[PDB]
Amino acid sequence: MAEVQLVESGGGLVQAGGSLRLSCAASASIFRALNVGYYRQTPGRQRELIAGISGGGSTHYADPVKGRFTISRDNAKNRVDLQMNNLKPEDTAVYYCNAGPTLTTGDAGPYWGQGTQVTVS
């Protein structure tokens, strides 16, 4: 089994309407071929896949974030980015990078990141 070690970055705090960009990277080459998604968790709620990208760049988003979030990848840099625009207070959550999910069903793959805090005033 491939050792994919996910490294997350890009958290912060903004006002309603502001923007953040989360980034997820792994040194394993196979990261480029894997589906990658961002899950978000409210303190006492289940994780939900809100944005996912295929190996080739095909994207799918949860309905609450469509038209505001854009997931993209730079395979040359072994990195996946989630640009979050027009952030709203309900977007406040812990965001988790996940490699290998099934994008239609949202079933998470075996590789998880450490989690990134996002706060919107």
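All residue numbers refer to positions in the sequence shown, first residue = 1.
96 to 104 and 9 to 17 differ in mean CA B-factor, and the higher of the two is recorded for 9 to 17. The mean Cα B-factor in the deposited entry runs higher for 34 to 42 than for the other of 53 to 61 and 34 to 42.
Per-chain ranking of the deposited C-alpha B factor places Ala26 in the middle third.
In the deposited entry, the Cα temperature factor of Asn85 places it in the middle third of its chain's modelled residues. In the PDB entry, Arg73 places in the lowest third of its chain by CA B-factor.
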